[PDB]
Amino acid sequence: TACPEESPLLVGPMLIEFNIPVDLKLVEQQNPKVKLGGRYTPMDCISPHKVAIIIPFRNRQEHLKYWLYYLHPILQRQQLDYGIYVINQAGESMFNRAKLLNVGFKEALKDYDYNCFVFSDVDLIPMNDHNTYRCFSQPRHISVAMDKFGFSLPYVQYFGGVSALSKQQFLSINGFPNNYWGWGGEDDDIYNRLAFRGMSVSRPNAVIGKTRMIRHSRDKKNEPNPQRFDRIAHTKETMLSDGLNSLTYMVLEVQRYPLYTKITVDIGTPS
């Protein structure tokens, strides 16, 4: 009973605004089919896409409210078999987005047999439901036309915002790097990994792949990392030593809310 290649539920372009007062109790009420932990499976058909949506997180509860409010209705319309994971970095030291994503990959798999992983910033919302949050033949870059970049790719190798890699694709590159502390460069490092393992980047066209980013200031412990340019230069040499095979972390707590699973983790500090 495979789901059609094109979901009959799709509406196309949508209005994304951040003025509305969002209330998770309401969102839960509006999305009665999504089960505890932000889990949903199509009732009338079998989706071949089993996706874990991973969101790196720390002190972004308000953005998260909006992300849930908008994506859950969307993800259901995309007829996907998915789960939402909020990887909350414990502590107040330097942020590490890429490491958190690795954690989400490992932790999601202990939950369900996901075959697909969508890594998404907490403040990015898609403007057209045809921009499917699933995996493809090649690593997929989803937020390809961001509002802050005038709805245009900043550079052909840009892989930030929202992306998706199948389980096999993620594994072939030894996951993402764990050694990028602070803002920047990890996406470029990941792009090097893909290219070096002979993969290419798949992208929806700019018409259907626009996203809005909730406006925000920079975070105190997520300052640009001055070592990024250098790390990008040596991805080839370091990728096999820094990623899944070297990932260490400690799960401090797990809470399953009706709309997502929150996993608080201690991922160490820069050293």
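Sequential numbering from 1, following the sequence displayed.
Inset, instruction - Please work out which of 145 to 153 and 178 to 186 has the higher mean CA B-factor as recorded in the PDB entry. - result: According to the PDB entry, the answer is 145 to 153.
Inset, instruction - Would you mind comparing 63 to 71 and 215 to 223 for me and telling me which has the higher average C-alpha temperature factor in the entry? - result: Higher mean C-alpha B-factor: 215 to 223.
Legend entry - Residue of maximum C-alpha B factor among 78, 88, 163, 137, per deposited coordinates: Reading the PDB entry, the winner on C-alpha B-factor is 137.
Inset, instruction - Would you mind ranking residue 19 by its C-alpha B-factor against the rest of the chain and naming the third, lowest, middle or highest? - result: According to the entry, residue 19 has a C-alpha B-factor in the chain's highest third.
Legend entry - Chain third (lowest, middle, highest) by recorded CA B-factor, residue given as residue 159: Its C-alpha B-factor, which the entry lists for residue 159, ranks in the lowest third among residues of this chain.
Inset, instruction - Divide the modelled residues of the chain into thirds by Cα B-factor and specify which third, lowest, middle or highest, holds residue 260. - result: It falls in the bottom third of the chain.
Inset, instruction - Rank-wise, by C-alpha B-factor, drop residue 196 into the lowest, middle or highest third of its chain. - result: Highest third of the chain for residue 196's C-alpha B-factor.
Inset, instruction - Sort the modelled residues of this chain by their C-alpha B factor and say whether residue 94 lands in the lowest, middle or highest third. - result: Answer is highest: the recorded C-alpha B-factor places it there.
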